[PDB]
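Residues per chain, in single letters:
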Amino acid sequence: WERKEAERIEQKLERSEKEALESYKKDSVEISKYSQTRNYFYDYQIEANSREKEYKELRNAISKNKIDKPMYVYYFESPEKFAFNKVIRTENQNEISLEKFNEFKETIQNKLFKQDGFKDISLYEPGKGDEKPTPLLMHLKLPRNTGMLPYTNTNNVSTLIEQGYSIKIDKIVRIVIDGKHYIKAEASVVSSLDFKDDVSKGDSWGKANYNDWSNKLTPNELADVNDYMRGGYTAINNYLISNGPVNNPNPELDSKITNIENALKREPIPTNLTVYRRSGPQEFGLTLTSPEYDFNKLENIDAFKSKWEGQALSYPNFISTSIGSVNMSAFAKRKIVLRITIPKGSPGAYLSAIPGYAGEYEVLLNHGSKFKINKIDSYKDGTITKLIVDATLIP
Amino acid sequence: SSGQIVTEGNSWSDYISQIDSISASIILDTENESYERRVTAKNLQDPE
Amino acid sequence: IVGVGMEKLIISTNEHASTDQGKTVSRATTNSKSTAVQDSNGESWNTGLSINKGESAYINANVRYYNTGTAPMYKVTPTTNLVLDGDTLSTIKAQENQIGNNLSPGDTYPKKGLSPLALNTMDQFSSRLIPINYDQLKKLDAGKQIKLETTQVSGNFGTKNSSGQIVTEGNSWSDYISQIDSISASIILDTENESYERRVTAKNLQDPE
Amino acid sequence: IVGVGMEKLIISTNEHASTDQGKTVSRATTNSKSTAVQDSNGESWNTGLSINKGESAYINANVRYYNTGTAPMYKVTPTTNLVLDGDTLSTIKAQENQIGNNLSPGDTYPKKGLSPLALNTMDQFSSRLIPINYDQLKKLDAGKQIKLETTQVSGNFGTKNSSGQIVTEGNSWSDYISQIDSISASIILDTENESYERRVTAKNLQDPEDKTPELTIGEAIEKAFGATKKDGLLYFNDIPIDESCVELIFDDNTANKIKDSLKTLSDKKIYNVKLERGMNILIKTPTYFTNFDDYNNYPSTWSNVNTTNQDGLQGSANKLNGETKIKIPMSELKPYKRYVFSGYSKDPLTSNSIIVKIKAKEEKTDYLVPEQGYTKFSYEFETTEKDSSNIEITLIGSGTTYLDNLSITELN
Ligand SMILES: [Ca+2]
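Residues numbered from 1 in each chain as written, not as in the entry; some residues may be left out. Chains lettered and ligands numbered in written order. Part of a larger assembly, values for the part shown. Heavy atoms only, no water.

*Asks:* Explanation requested: the interface of chain A and chain B in the structure shown.
*Replies:* Often, the extent of an interface is quoted as the loss of accessible area upon association of its parts. On the side of chain B, 4 residues touch chain A, which itself brings 4 residues to the contact. Surface buried jointly by chain A and chain B totals about 320 Å² across both partners, of which 44% is contributed by carbon and sulfur atoms. Our count for the contact surface shared by chain A and chain B stands at 0 salt bridges. At the boundary of chain A with chain B, the tally comes to 2 residue pairs in polar contact. For the side of chain A that touches chain B, the class distribution of residues is 2 nonpolar, 1 polar and 1 charged. (Contact = heavy atoms within 4.5 Å. Buried area = accessible area lost by both parts, 1.4 Å probe. Salt bridge = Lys/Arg side-chain N within 4 Å of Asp/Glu carboxyl O. Polar contact = N/O pair within 3.5 Å; in protein donor to acceptor, adjacent residues only side chain to side chain. Nonpolar A, V, L, I, M, F, W, Y, C, P; charged D, E, K, R; others polar.)

Structure follows, in structure tokens:
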């Protein structure tokens, strides 16, 4: 019956997705890698990539079919995807010690990890005749109305999905499969709003959510915020970095800070949202001339992840970020991109709501905001390897 | 999943015993038509 | 290790018997140039016996299966020979009526305490009986006995899934019989009330690998 | 390599026989204007016999399967012909009742010690017997025999699936039979109580892109039969299978190829000829053979025993001015078979021929003139009764001739 359902669902596909699926059956790894890191380029390459049409039609085919109930999936995942740089056990070893289990449990206590690519999954437990490439097994509960495309292989049937969410691990236990120890993790999907390339859709959402926000502001504070974001945001942030109220207190800027904070506090974000901000080395306590800014050698990336991944963050100033993820000529030289998930109910406002050029879809957050970094990944950008940071805003 | 209706492989015999085991049967006879129903009933000996 | 033993054989002679009986009444009148009136009545009896020399009788054999190995066989389907004097009358593969679902080591199908099963059809759909000749029927009536030989047995094994799901369909024992027999030695222990047959892997000293 | 051999045939005449028996009682009364009373009694008997000319009888054939190849066959399903005189009565593909699950190389189905299986149905579901006509039944009753010929065999091989399990369904040998036959030469070793048939890949010299390795006939034989080498000669298990110790039978094409290749060869040995596609080589080990060095098989003993000279094909000649006498007790030969006696001879200096005398059924005398080198003669005889007089072989001759590798081989 599963084969018949797969045949039925694949019959109604049109041709373009037909050769897309056929090409996926032989070049899975490269297509998956491209789909993982595709939205961090300029507007030119994304339209100019040789695989953009492939990805578009594959995504459409996947999104054609959706499930009406939550259901479970099973797949093997590398522990490196969950910010674990060590090895649980070798591929020839049979057992995992208590120390490695404890370390892996400690690494994933309270964190959320984002998955952003294609993946082959199974609707049944991995019994005999399957492959066990990693010592980590995932029991993932997919939410309602998510894409799921069953396609018949040469002999068996396999299913492909598109990851667009962030998952958290509840419990991990050690199990035995055919005389080898594995780690089984029960994970749940946490929903969030992400506009990877639909910058138009994100802008429309910002309009629909914050166009009337300005009408809720008292005119004096409204004009205050407008003029400040227009001209003096640089000065305010520069004053805030130096801990101005601590060193040289002055009310001419404390009033500005309070007004901006109250304006942001007036209307909070209603739904979980992801924002992309191109950060600089000066933010991370580095300089452009610093040797660690060269992310081409593996040693620099490894040291940066060792000393920064999994730690916290704190910005005394305000944070300006864009809903879209595509690179711009304004921040072309910045090698670090900050990926931030905004929990529902947190303070923040859409600056671009007001008419005119209010910014690059800018979003403001309250001062003294703190973040937790979960994982760090690197993607190629022309002739240099740039770096991506996943962070979660915390109250 | 496409909005279609399929009946092949969907047998009532797989559910007859399960429905009969956990239900009560009620029949209304009237004059021109008879009606038979099963309504789920709670097991008081099972706390779950 | 599955074998078949025959417990008794039953013969069904294929003969047609008829029986008739009639009554007749007559009456005649003659005029000459004298007169005469004649009254007659009679009766008759008849018997008959027809026989076909090609299919003169049908045979039915009662058999059991037994297992002296180490593993169970599922869906036991043996093939047997029926030999009268030096001629193989027929070879029959068991049909759906004569298939044993389970046969554990040391067990019997049908189980101990039940009657033997009847093997009395030869076609695939169990709609055709097993015939013999007129000469074979005469030999049987002369005291000669029919012997049953088992030539091969078909069966299945179970592969256990990680969640304890047994599957037997598509797991044929015949795919391993030759391979096991090629690399093993056979040892039989007879005792008195039960027999045990085993295969133990032996090393080939001509192969360095 | 699977064949089918019939062991006996059983005929079931399809006739209907009936018998009747009756009795009657009557009574009459007449009044003529006189009176009369008549009492009657009666009996009757009858016999009948009906025959259908279209289907007069049914036939049952007891058959066996055997394998002489290198690989097992699973689900053996042969197809056979039944020929009476020049007419094929029917061709039957084996049904479920006549399928052999396993057939290992050198084995037999049914296994040795069991009775043959009965092939007595022709339809797909084993529900219809095999009929013959009235004329065919008359021919059968006249003493004519039915022969069985196997035309093809269907079977499966085993592989490994995505797991470690062996799978045989869907793996047909017919997908590979033609391809194997197209690119290989066939070699058969007859031996005494077991036959072996092999296929060895041969290189095509017309194709520059055929990179398969080249082999001579001797190397091919050694690889195919797993023969070992003792002193440059091949031994199967203990029988010598060197070209000088056996009988080699070819077809016309193979004989022509070997003859053409020999003249251009240096050693001029058959085992040095290059192996080619389509060759058919049959090797037949002799029943009795002696090389006068280490191998002796004859029941009797040759009169002349003088093997102290380094002559012959391999270090022994056993020939002087004396004569050799041997007598076969006729209790060690097949009753009705066409044997052949063979050997090698040489006259290093020209002399008289050798009087070859054979007396098995009809006494024969023949003369052979040895050349400067070694040549073989191979005259024929035939046994009679398995209990008749002995067979005497004598080679009276003069002129200090020479001999080696005397052998007696059966032929069919
Ligand atoms: Ca010699």
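*Asks:* Is there a simple way to explain empty space enclosed by the protein in this structure?
*Replies:* If you roll a probe as big as a water molecule over the atoms, it shows you where there is empty space left. By volume, the largest cavity is sized at about 230 Å³. Lining the largest cavity are 17 residues; nearest its centre among them are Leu89(C), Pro131(C), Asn133(C), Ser12(D) and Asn120(D). Taken together, the elements giving at least two residues each to the lining of the largest cavity come down to β6 (88–93) and β10 (131–132) of chain C together with β1 (2–13) and β4 (57–67) of chain D. Across the lining of the largest cavity, the residue classes tally to 9 nonpolar, 8 polar and no charged. (1 Å grid on protein atoms, 1.4 Å probe; cavity = no way out; pocket = protein on both sides within 12 Å on 5 of 7 lines; lining within 4 Å. Points joined across faces, edges and corners; volume = space filled by probe spheres on them. Helix = DSSP H or I, 4+ residues; strand = E, 2+ residues; numbered from the N terminus.)

*Asks:* Would you mind showing me how to read the sheet that holds strand β18 (residues 247–250) of chain D here?
*Replies:* Sheet strands pair by backbone hydrogen bonding; their relative direction is either parallel or antiparallel. All names here are of chain D. Strands sit in the order β15-β14-β19-β18 across an open sheet of 4 strands; the sheet is mixed. The open sheet has two edge strands, β15 (196–201) and β18, and neither has a second partner. Each strand axis lies, on average, 20° off the axis of its neighbour in the sheet, ignoring direction. Across 4 bridges, β18 lies against strand β19 (residues 280–284) in antiparallel orientation. Among the inter-strand pairings, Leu-248 is bridged to a residue of β19, identified as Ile-283. (Pairing = 2+ DSSP bridges. Axes fitted to C-alpha atoms, helices over the stretch in contact; angles between N-to-C directions.)

*Asks:* I would appreciate a short explanation of the pairing of strand β5 (residues 73–83) of chain D in the present structure.
*Replies:* Walk down a regular strand and you will see the side chains alternate between the two sheet faces. Residue and element names in this part refer to chain D. Of all 11 residues in β5, 10 are buried, a share of seventy percent or more. When β5 meets strand β7 (residues 100–103), the two strands line up antiparallel, connected through 3 bridges. Note on β7: the bridge partner recorded for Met-73 is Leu-103. Where β5 lies against strand β11 (residues 147–156), 8 bridges are found, and the strand directions are antiparallel. Bridge pairing links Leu-82 to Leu-148 in β11. When β5 meets strand β6 (residues 88–93), the two strands line up antiparallel, connected through 5 bridges. The residue bridging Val-83 from the neighbouring strand is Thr-88, located in β6. (Buried < 20%, exposed > 50% of the residue type's maximum accessible area, 1.4 Å probe, protein only.)

*Asks:* How do you make sense of the pattern of salt bridges when you look at a structure like this?
*Replies:* Close approach of charged atoms allows side chains with opposite charge to pair. Taken as a whole, this structure holds 55 salt bridges over all chains when the rule is applied. Among the ionic pairs, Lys184(A) bridges to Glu186(A), the shortest N-O distance being 2.6 Å. Residue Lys184(A) is classed as buried on the basis of its relative accessible area, which comes to 17%. Across the salt bridge formed by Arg199(D) and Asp181(D), the nearest N and O atoms sit 2.7 Å from each other. Of this pair, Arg199(D) sits in strand β15 while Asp181(D) sits in helix α2 (residues 174–182); the two residues are 18 residues apart in sequence, bridging distant segments of the chain. Accessibility expressed as a relative area gives 40% for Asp181(D), which makes it partly exposed. If you follow the salt bridges from partner to partner, you end up with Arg38(A), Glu52(A), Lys56(A) and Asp197(A) in one network.

*Asks:* Mind showing me how you'd approach the interface of chain D and chain C here?
*Replies:* Contact residues are listed per partner, giving 53 residues for chain D and 54 residues for chain C. Linking chain D with chain C are 2 salt bridges, by the criterion used here. Here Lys8(D) and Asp87(C) are joined by a salt bridge, their closest N and O atoms 2.6 Å apart. Going through the elements one at a time, β1, β2 (15–32), β4, β7, β9 (117–119) and β13 (166–167) of chain D are the ones with two or more residues in the side of chain D that touches chain C. With 18 residues, β2(D) is the single largest residue contributor to the side of chain D that touches chain C. Within the side of chain D that touches chain C, the residues separate by chemical class into 17 nonpolar, 29 polar and 7 charged. Note that strand β3 (residues 35–52) of chain C and β2(D) share 15 bridges and pair antiparallel. Within β2(D), the position partnered with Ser50(C) by the bridge is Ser18(D).

*Asks:* I tried to follow the sheet that holds strand β3 (residues 35–51) of chain D on my own but got confused; where do I start?
*Replies:* Spatially, the 4 strands line up as an open sheet ordered β2(C)-β3(C)-β2(D)-β3(D), and their pairing is antiparallel. Each having just a single partner strand, β2 (15–31) of chain C together with β3 of chain D make up the two edges of the open sheet. Across the sheet, the mean angle from the axis of one strand to that of its neighbour is 10°, orientation sign disregarded. Across 17 bridges, β2(D) lies against β3(D) in antiparallel orientation. Within β3(D), the residue paired with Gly22(D) across the bridge is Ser44(D).

*Asks:* I'm lost on the arrangement of the chains in this one. Help?
*Replies:* Counting contacts across all 4 pairs of chains that touch, the top-ranked interface belongs to chains C and D. Chain B shows no contact with chain C. Their nearest C-alpha atoms sit 19 Å apart. Chain D makes no contact with chain B, the minimum C-alpha separation between the two being 27 Å.

*Asks:* I'm lost on the coordination of the calcium ion in this one. Help?
*Replies:* Reference values for coordination geometry: four tetrahedral donors around a metal ideally subtend 109.5 degrees, six octahedral donors ideally subtend 90 or 180 degrees. Residues and elements named next belong to chain D. Around the calcium ion, the protein supplies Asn-291 (O), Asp-293 (OD), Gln-314 (O), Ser-316 (OG), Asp-404 (OD) and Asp-404 (OD) as donor atoms, at distances of 2.4 to 3.0 Å. Taken together, the 6 donor atoms surrounding the calcium ion define angles of 51 to 169° at the centre, an arrangement classified as irregular. Read in sequence order, the donor residues for the calcium ion give the motif N-x1-D-x20-Q-x1-S-x87-D. Taken together, the residues span a long stretch of sequence, with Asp-293 in the loop between β20 (288–290) and β21 (325–328) and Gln-314 in the loop between β20 and β21 at a distance of 21 residues. Since its relative accessible area comes to 41%, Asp-293 is described here as partly exposed. (Donors = N, O, S within 2.8 Å, 3.2 Å for Na, K, Ca; no water. Tetrahedral: all angles 85-135°; square planar, octahedral: opposite > 155°, others 65-115°.)

*Asks:* What is the right way to look at the UniProt feature "binding site: Zn(2+) 1" (unreviewed entry) in chain A in this model?
*Replies:* All names here are of chain A. The residues that UniProt annotates with the feature "binding site: Zn(2+) 1" (unreviewed entry) are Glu-95 and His-181. Considering the C-alpha atoms alone, the annotated residues occupy 87 residues of sequence yet fold into one spot, their largest mutual distance being 5.0 Å. Relative to the assigned elements, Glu-95 resides in the loop between β1 (71–76) and α6 (98–107). Residues contacting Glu-95, with those up to four places away along its chain left out, are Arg-89 and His-181. Note that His-181 resides in strand β8 (residues 180–190). Setting aside residues up to four positions removed in sequence, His-181 forms contacts with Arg-89, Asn-94, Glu-95, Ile-96, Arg-174, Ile-175 and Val-176. (UniProt positions renumbered as here; feature names shortened; annotations may be inferred.)

*Asks:* Teacher, can you tell me more about the UniProt feature "binding site: NADPH 2" (unreviewed entry) in chain A here?
*Replies:* Residue and element names in this part refer to chain A. Look at the UniProt record and you will see "binding site: NADPH 2" (unreviewed entry) annotated at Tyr-233, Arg-277, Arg-278, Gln-282, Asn-317 and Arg-334. Following the sequence through the fold, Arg-278 ends up in strand β9 (residues 273–279). Side-chain polar atoms of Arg-278 contact the backbone oxygen of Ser-325, separated by 2.9 Å. The class of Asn-317 is buried, set by a relative accessible area of 10%. Those residues in contact with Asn-317, other than ones at most four positions away along the chain, are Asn-237, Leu-240, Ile-241, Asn-366, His-367 and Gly-368.

*Asks:* Is there a simple way to explain the packing of helix α2 (residues 15–24) of chain A against helix α5 (residues 52–64) of chain A in this structure?
*Replies:* Helix-helix packing: each pair is described by the crossing angle between the helix axes and the interaxial distance. Residue and element names in this part refer to chain A. Two elements in contact, α2 and α5, have axes whose closest approach is 9 Å; the angle formed by their N-to-C orientations is 105°. Between α2 and α5, the angle falls in the class roughly perpendicular. Residues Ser-16, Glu-17, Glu-19, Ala-20, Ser-23 and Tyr-24 of α2 lie in contact with α5, whose contacting residues are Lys-53, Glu-54, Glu-57, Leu-58, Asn-60 and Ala-61. Here the contact of α2 with α5 is composed, by residue class, of 4 nonpolar, 3 polar and 5 charged. (Parallel < 35°, antiparallel > 145°, perpendicular 65-115°, else oblique.)

*Asks:* Help me out: how do you make sense of unusual backbone geometry in this one?
*Replies:* Negative phi values dominate among residues other than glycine, just as trans dominates among peptide bonds. Of the consecutive residues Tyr109(C) and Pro110(C), the connecting peptide bond is found in the cis state with omega at 0°. Along the chain, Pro110(C) turns up in the loop between β8 (108–109) and β9 (117–119). The omega torsion of the bond from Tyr109(D) to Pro110(D) falls at -5°, within 30 degrees of zero and hence cis. Of note, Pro110(D) is situated in the loop between β8 (108–109) and β9. Of note in the backbone geometry, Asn145(A) takes a positive phi value of approximately 60° without being a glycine. Even without being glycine, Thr30(B) reaches a positive phi, approximately 45°. For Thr30(B), the position within the fold is in the loop between β1 (23–28) and β2 (35–40).

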